[PDB]
Amino acid sequence: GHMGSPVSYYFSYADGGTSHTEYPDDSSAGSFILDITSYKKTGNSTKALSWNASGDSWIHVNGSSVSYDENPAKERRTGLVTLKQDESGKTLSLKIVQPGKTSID
């Protein structure tokens, strides 16, 4: 075709949403990766953008990396975390509702 469109930022997961939730059982915690989008497309390029996060203590982000630690008492909480982008406002909502533990792990 041609070129001449404005910049477009990308600030979602990837499949049609901006919010994750998980409901593990027994014992499920560890480090995974997620289908998230964070860039601005313009010219004939995509500069990616980092994001930052926080909420509960036990939840860890390293760009395209994710971990959520296993629960410190037997209660069930909802762990809750936000995020935002460097040049933009990529907000997602992360929830983890895990049953709780008391074990030497």
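Up top you'll find the structure we're talking about.
Residues numbered from 1 in each chain as written, not as in the entry; some residues may be left out. Heavy atoms only, no water.

Engineer: So what about the side chain of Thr37? Which residues, and what values?
Structural biologist: Structurally, the position occupied by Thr37 is in strand 4 (residues 37-42). Within the local environment of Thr37, its side chain forms a polar contact with the backbone oxygen of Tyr13, the two atoms lying 2.6 Å apart. Leaving out residues up to four positions away in the same chain, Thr37 has contacts with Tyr10, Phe11, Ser12, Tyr13, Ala14 and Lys90. (Helix = DSSP H or I, 4+ residues; strand = E, 2+ residues; numbered from the N terminus. Polar contact = N/O pair within 3.5 Å; in protein donor to acceptor, adjacent residues only side chain to side chain. Contact = heavy atoms within 4.5 Å.)

Engineer: Describe the packing of aromatic side chains, and please don't skip the residues or the numbers.
Structural biologist: This model, assessed by the stated rule, comprises two aromatic pairs. Ring centres of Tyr10 and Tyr39 lie 4.2 Å apart, and the angle between their planes is 25°; on these two criteria the pair is classed as stacked. Residue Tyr10 is found in strand 1 (residues 8-12), and its partner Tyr39 is found in strand 4; the two are separated by 29 residues along the sequence. A ring pair is formed by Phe32 and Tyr68, whose centres lie 5.4 Å apart and whose planes are at 45°; its orientation type is tilted. Here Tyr68 lies in strand 8 (residues 66-68) and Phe32 lies in strand 3 (residues 30-32), a separation of 36 residues in the sequence. With a relative accessible area of 8%, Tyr68 lands in the buried category. Note that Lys90 overlies the ring of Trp51, its terminal NZ or CZ placed 5.7 Å from the centroid. (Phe/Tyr/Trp six-rings, centres within 6.5 Å; stacked < 30°, edge-to-face > 60°. Buried < 20%, exposed > 50% of the residue type's maximum accessible area, 1.4 Å probe, protein only. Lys NZ or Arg CZ within 6 Å of the ring centre and 35° of its normal.)

Engineer: A description of the nonpolar core should follow, citing residues and the corresponding values.
Structural biologist: Among the nonpolar cores identified, the biggest contains eleven residues, and these are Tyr13, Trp51, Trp58, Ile59, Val66, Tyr68, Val81, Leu83, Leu92, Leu94 and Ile96. Looking at this core, the elements with two or more residues in it are strand 8, strand 9 (79-85) and strand 10 (93-96). (Core = buried A, V, L, I, M, F, W, Y, C linked by side-chain atoms within 4.5 Å.)

Engineer: Could you give an account of the pattern of salt bridges, naming the residues involved and the relevant values?
Structural biologist: Per the stated rule, a full pass over the model turns up three salt bridges. Of the charged contacts in the structure, one is a salt bridge between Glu87 and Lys40, with a shortest N-O distance of 3.8 Å. Linking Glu87 in the loop between strand 9 and strand 10 with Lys40 in strand 4, this pair joins segments that are 47 residues apart in sequence. Among the residues examined, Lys40 registers a relative accessible area of 15% and is labelled buried. The partner of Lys101 in a salt bridge is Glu70, and the shortest N-O contact between them spans 2.8 Å. Residue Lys101 is found in the segment after strand 10, and its partner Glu70 is found in the loop between strand 8 and strand 9; the two are separated by 31 residues along the sequence. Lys101 gets classed as buried once you look at its relative accessible area, which sits at 10%. Classification of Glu70 as partly exposed rests on a relative accessible area of 24%. (Salt bridge = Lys/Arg side-chain N within 4 Å of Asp/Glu carboxyl O.)

Engineer: Got a sec to walk through the sheet that holds strand 10? Specific residues and values, please.
Structural biologist: If you trace the four strands from one edge of the open sheet to the other, you get 2-10-9-6, paired in mixed fashion. Each having just a single partner strand, strand 2 (19-22) and strand 6 (51-55) make up the two edges of the open sheet. Looking at each pair of strands side by side, their axes are set apart by 15° on average, direction ignored. Strand direction decides the pairing type here: strand 2 and strand 10, joined by four bridges, are parallel. Bridge pairing in strand 10 places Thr21 opposite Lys95. (Pairing = 2+ DSSP bridges. Axes fitted to C-alpha atoms, helices over the stretch in contact; angles between N-to-C directions.)

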